[PDB]
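Heads up: the sequence lines are chains A and B, in that order.
Positions -1 to 64, 67 to 219, 222 to 247, 251 to 253, 258 to 283, 288 to 554 (PDB author numbering) are the ones given, in order, by the first sequence.
Positions 5 to 90, 94 to 212, 227 to 357, 360 to 428 (PDB author numbering) are the ones given, in order, by the second sequence.
Following: one structure in C-alpha cells, then a few remarks.
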Amino acid sequence: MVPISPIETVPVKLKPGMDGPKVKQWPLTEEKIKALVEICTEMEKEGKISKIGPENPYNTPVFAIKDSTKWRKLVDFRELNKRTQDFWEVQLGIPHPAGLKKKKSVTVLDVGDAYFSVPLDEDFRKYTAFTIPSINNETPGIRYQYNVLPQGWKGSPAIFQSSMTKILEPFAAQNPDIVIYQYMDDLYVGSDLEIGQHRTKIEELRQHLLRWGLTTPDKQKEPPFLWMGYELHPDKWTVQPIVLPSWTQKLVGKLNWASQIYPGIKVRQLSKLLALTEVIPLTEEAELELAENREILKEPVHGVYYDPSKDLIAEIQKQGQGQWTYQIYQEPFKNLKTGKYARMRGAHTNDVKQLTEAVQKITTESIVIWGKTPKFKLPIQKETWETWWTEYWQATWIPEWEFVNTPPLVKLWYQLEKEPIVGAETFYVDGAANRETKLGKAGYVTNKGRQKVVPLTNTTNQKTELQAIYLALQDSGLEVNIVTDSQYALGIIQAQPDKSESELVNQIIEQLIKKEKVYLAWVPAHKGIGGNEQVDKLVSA
Amino acid sequence: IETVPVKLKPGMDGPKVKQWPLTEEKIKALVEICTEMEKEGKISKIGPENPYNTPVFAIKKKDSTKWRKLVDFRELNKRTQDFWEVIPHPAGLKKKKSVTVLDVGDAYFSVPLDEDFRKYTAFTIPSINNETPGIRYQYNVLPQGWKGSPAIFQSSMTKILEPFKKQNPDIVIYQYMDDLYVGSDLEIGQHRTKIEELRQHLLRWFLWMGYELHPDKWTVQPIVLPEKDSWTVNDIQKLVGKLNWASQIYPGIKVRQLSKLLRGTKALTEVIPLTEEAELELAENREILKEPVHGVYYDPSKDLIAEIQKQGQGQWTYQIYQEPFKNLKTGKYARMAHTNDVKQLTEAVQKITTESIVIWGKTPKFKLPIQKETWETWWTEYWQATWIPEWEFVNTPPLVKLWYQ
Ligand SMILES: C=CC(=O)N(C)CCc1ccc(Cl)c(Oc2cc(Cl)cc(C#N)c2)c1
Ligand SMILES: [Mg+2]
C-alpha cells in the first residue's frame, strides 16, 4: 500500500434551526427494487455508501430509472437541499473566450473518478440516509447513508471544485509555464512548451494526482471543445451555431447571445413587442432586419484570443433609435468580441449621454475579461466632448479616447446662451389649464408688443407651459430671449434632451436646432413680474 | 489576548455582497499584500462552507506610492451590533487652530478577533476573466474599516496616550475608525514636533503620514446679493428669484417693491433705475441675510445630508443639513484634475466627509450630481480615505445651483 494523502473534510451544517429530511419512501416495483439492490451493493463495495441501523430518523426518497443498457439510482435530495446551509458558489460568472490566451498544446485529462473520492463531513452523513423498499414490504427496507459528496446534493459542486483546487495549487505554483482549467469531470492543461517538455509536465501532474489516489485515465477530444455554449478552437472561438424557429419571446436571449461575436444583431423591434399568451405581427416591420438577423446569422463569424503584449481597443457606433454597436480588438478586423448597448428607458435623453453609458459598460466588461480598460475610438469630436462636459451640470468622464470619423457623428444639437441677448426680442410666455375641464391657454407677450394666446383642449398645466415656450420659438426670429415661470419646463430643457417621448418636447427641440441664439430665463410665478404678470392674466382664465 | 464577544444584530445574517471587478494591477497588489498578512496570521484562507462576502479593493494613500488594501465594510458595519461603553465627540476639535490626522490602522492588527465572528469578515481577491476561483480569506485580527475595531480597541488605545495627554492637557485627540485627529492651538513647527512626539509613543507602545487641516472656517456661508450701480431687467429678475428662494430660509424677505419694477414688458437687457422703495427693500433684505438662521440645532439621532453642485471651472458648492433649509454648514471648493470632473467630485466628497467627522463625529449621506453608472465605474480609482460614506444620485438639474453662486 502506497499511503494516499487524505482529502480534508469540509465541515457542513444544516441551515440554523432547520432539521434534516423525513420524506416517505415511495412505492416501487419488485423489478425496480431488484435493480437498486445491485447498484447499492457495488457502491457499498467502493466505500461510496454504508448500511445504517434503525436510529437515523431521516430518509430521502430513492427512485430507479432505466433503457440504454440498465437502471440507475436517482436519490431526490430536493428536501435535504432546502435544509442544508448556504455555500460559496466557487464561480458564478464564466470566463469569456475572448479572455483566453492561446497555447501551443492543450492536453485533456479525465478526473471523474475523483468526484466520488471526496469524503463527506462525518457529522453530516446522517442526513443522507435513504431506504430501498423491500420486496412485498415484508421486511425492513435496506438503509444506507453517503460517505461521499452525493450526486445532486446542494454542496457537492462547491465542495468538489474547492477540493480539486486545493490539490492542484502547489503544482500550478511550481509550474507557472502551464495553465489549468476545470470543467465537469475533465481538466485542461495547456502550455507553450515543446511537445515533449509538455507531455512530461502532464506526466508529473498525473503523478501529483496519484499522491491523493486520483486514478487519472491514460487515453483525444475534438479540436473544437464544446464548452458553455461556445466553440473553442486552437486559433479562434465562436458561438455554438444555434438558430430560432409563426405562433410565438426567447429569441431575445438567443439574438443577444449571438450578438457578442456577430455584428449588428438588432433586438429593438423584437424586444418592443413584449404571460405566455399571444404573438402579434411585427407592425414596426421588424422583418426588415429580422430577415437580416437571419441573414446576419447566415454567415459564420469567429473571434480571436487575447494577446497581452498588444494594446486593447474599443470602437463604438451609433446604430440609431437608442441602439449602439461596438467591437473590441487589438489588430483591425481581428475582433476579440462585439456587442450592443440599448438606451435606458426614460422620457428624454441625448446622444452624448448614451455614448457615455456605452463607454462605462465596455470599460467594466473589459476590466472583467482582460483586467484593463481599452483605448476607445469614438464617433464624437474632441471639441464636442469638451463643450459638453465643461457645461453639463453633472460630473462626467470618459477614459482615454480618440475621435473616429465614422458617420453618423454624435453632436450637440443646440446650446443655450448664458447671458441675455442684446437686441433680441424678449418673449414672456405663460400657460395654464383647468384641472376639471382640461381646458387651458398658452401664449406670450413681447417687449415689441407682439402677442398671442391659443386656447387648448385636453391639456394640463405642464403641457400648456411647454406650448407657450414652443409658441415663442415658432414666432420669433433667429435670436430670442424667453422668460418663463415653469420650473417644469426649465428642468426639461436644462437637462438638454435631443430626443423625447413627448411630441411637444420634440417640437421644441426642433425649434431649438433652427435658432442661432436662445436665452431661457426663469422667474417665479404670481409675483407680479411684469410681462409674466401681463401674460398670466391673458392665459389663466 | 481575550477576544471580546461580538455578534450581529438580532434577526440579521452576515453580508453577502458581490465583489466588483478589479484591474490586473490592483489584483497583483492585493495578492502581495494578502500573502504577507497571511504569513503574519492576520488573515487565513477559508473554504466553501463560508457564504459571506465583503468587497475589497486597493488604493494609494495621499503622498505615498505603496498600494493599500481597503475593505468596503459598509454592509458589515450596519449589521454589527452597536457597541457601547463610551466615543463622545469633542466640540473643541472643530475650534482648534490646527488638526493633524494620523493613520493608526495598523495598531488594530495586534488584537485577536472573536473566533465566532471572523466568518463574517470574508472577502475575495477576484481573478481576471473568472479563470481560477477567487482567493477567499477571513480576518483573524481586528480589521481596518470595521466599526467594532475602534470600539474594541478603545481599551488599549486610551493607555497608549495617557502620558501624552497628561503632558499636553489642552491638545485635543479624537478617533474615528482608523484615524486619529490631533488638534492644537500652536504653530505648525511645534505642531509637527508635538505630532512626531505622539508618533513616538505609537512606535514604542502609514504612521509616518498625516493631514494638515485648519478647522478655521466660517460655518454656514452668508447669502450674498449683488451691489450694482445699474440694474437691467434681467439682473432684477435673477435678484427677485434669489430673494424668493432665500424667503423659505429667512422670514420677512420681501420682493413687492422690486417686482413693481418688473411690471411692464421690457427687454431683458434694458437698464431699470431703482425706486426709493425698491432700494430700501433691498437694504432690509440684505440686513436680514447677515444674521444666520435661528432655529438651527443638530440632532445626533438623525442623518446628516450633504448636497454638492458642480459650479464649473473646478468650483463645487455644498451644503450639510438635516432638514431642508436649516443648513448646519455650507462651503465652496475651488481649483484642485482640471480635465477630470469625477476625480474632483471624489476629492470633494472626501473633504466634506473629513470636515463632517471633525464637527460631529459621523459621516453624511451624499446626494451626488452624477449618473450612478459613471460614479460606480470610477470613484474607487481616486479614493484615498480608509472610510466610505453613503451616496445617492441626482438626475434632475436643481434650479438652486445659481443661488449658491
Ligand atoms: C481550443 C482552445 C485552445 O486550444 N487554445 C490554445 C486557446 C484556448 C485555451 C487555452 C488554454 C487552455 Cl488550458 C484551454 O483549455 C480550456 C479552457 C476553458 Cl475556459 C474551457 C475549456 C473546455 N472545454 C478548455 C483553452
Ligand atoms: Mg407657465
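No residue lacks a Cβ here, since even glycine has one placed at the ideal position from N, Cα and C.
So what's residue i in DSSP terms, helix, strand or just coil?
i	result
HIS96/B	coil
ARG72/A	strand
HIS208/A	helix
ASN57/B	strand
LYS350/B	strand
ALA158/B	helix
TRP337/A	strand
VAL314/A	coil
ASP113/B	helix
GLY453/A	strand
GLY359/A	coil
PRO170/A	helix
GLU233/B	strand
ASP192/A	coil
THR400/A	helix
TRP266/B	helix
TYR115/A	helix
Who are the neighbours of residue i on chain A, taking C-beta pairs under 7 Å?
i	result
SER280/B	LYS540, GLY541, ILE542
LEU368/B	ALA408
Starting from residue i, trace the alpha helix (DSSP H) both ways and give me its first and last residue.
i	result
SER379/B	364 to 383
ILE375/A	364 to 383
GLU204/B	195 to 211
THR107/B	Here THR107/B belongs to no alpha helix (DSSP H); instead the beta strand (DSSP E) covers 105 to 110.
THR400/B	395 to 401
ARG78/B	78 to 83
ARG125/A	122 to 125
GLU28/B	28 to 43
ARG277/B	277 to 283
Along chain A, which residues have their Cβ under 9 Å away from the Cβ of residue i?
i	result
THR128/B	Going along chain A, no residue has its Cβ under 9 Å from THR128/B, so there is no contact; the nearest lies around 14 Å.
Which stretch, first to last residue, makes up the beta strand (DSSP E) that contains residue i?
i	result
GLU328/A	326 to 333
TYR342/B	336 to 342
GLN182/A	178 to 183
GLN145/B	142 to 146
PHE61/A	60 to 63
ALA327/B	326 to 333
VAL467/A	464 to 470
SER48/A	47 to 49
residue 220/A	Missing here is residue 220/A: after 219, the next number in chain A is 222.
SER489/A	Careful: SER489/A lies outside any beta strand (DSSP E) and carries neither H nor E.
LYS390/B	388 to 391
List the residues of chain A that residue i touches, going by C-beta distances under 8 Å, in chain order.
i	result
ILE31/B	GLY384
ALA288/B	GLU438, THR439, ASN460, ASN494
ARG143/B	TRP88
Kindly list, in the order they appear in chain B, the residues whose Cβ is closer than 8 Å to that of residue i.
i	result
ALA502/A	Here the premise fails: no neighbours, minimum Cβ distance about 12 Å.
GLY456/A	Within chain B, no residue comes near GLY456/A; the closest Cβ sits about 13 Å away, beyond 8 Å.
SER515/A	Neighbours of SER515/A on chain B: none; closest Cβ ~16 Å, over 8 Å.
Can you pull the chain B residues whose beta carbon is under 7 Å from the beta carbon of residue i, in chain order?
i	result
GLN91/A	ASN137, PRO140
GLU546/A	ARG284
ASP86/A	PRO55
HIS96/A	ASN136
Using a Cβ cut-off of 9 Å, pull out every chain B residue sitting near residue i, in sequence order please.
i	result
residue 555/A	No information on residue 555/A is available, as it lies outside the stretch -1 to 554 that chain A covers here.
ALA508/A	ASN418, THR419, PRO420
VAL118/A	What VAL118/A touches in chain B: nothing, since even the nearest Cβ is about 12 Å away.
Inset, instruction - Taking 6 Å as the limit, tell me which residues put their C-beta closer than that to any heavy atom of ligand 1, in chain order. - result: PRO95/A, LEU100/A, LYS102/A, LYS103/A, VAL106/A, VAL179/A, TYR181/A, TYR183/A, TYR188/A, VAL189/A, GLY190/A, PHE227/A, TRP229/A, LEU234/A, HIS235/A, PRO236/A, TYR318/A
Inset, instruction - Report yes or no: do three or more beta-carbon pairs, one from the region 378 to 392 of chain B and one from the region 286 to 303 of chain B, lie closer than 8 Å? - result: no
Legend entry - the region 163 to 176 of chain B touching the region 121 to 136 of chain B, judged by at least three CB pairs closer than 8 Å: no
Legend entry - Touching by the beta-carbon criterion (3+ pairs, under 8 Å), the region 195 to 214 of chain A and the region 136 to 148 of chain A: no
Legend entry - Contact the region 389 to 402 of chain A vs the region 422 to 432 of chain A: 3+ CB pairs below 8 Å: yes
Legend entry - the region 81 to 95 of chain A contacting the region 149 to 159 of chain A, beta-carbon criterion three pairs below 8 Å: yes
Inset, instruction - Could you say if the region 1 to 10 of chain A and the region 107 to 125 of chain A meet the contact criterion of at least three C-beta pairs nearer than 8 Å? - result: yes
Inset, instruction - Count the C-beta pairs between the region 76 to 85 of chain B and the region 13 to 21 of chain B that are closer than 8 Å, then say yes if the count reaches three, no if not. - result: yes
Inset, instruction - Taking 8 Å as the threshold, find out whether the region 430 to 444 of chain A comes into contact with the region 459 to 470 of chain A through three or more Cβ pairs. - result: yes
Legend entry - Inter-stretch contact (C-beta, 8 Å, three-pair minimum) for the region 24 to 42 of chain B and the region 382 to 394 of chain A: yes
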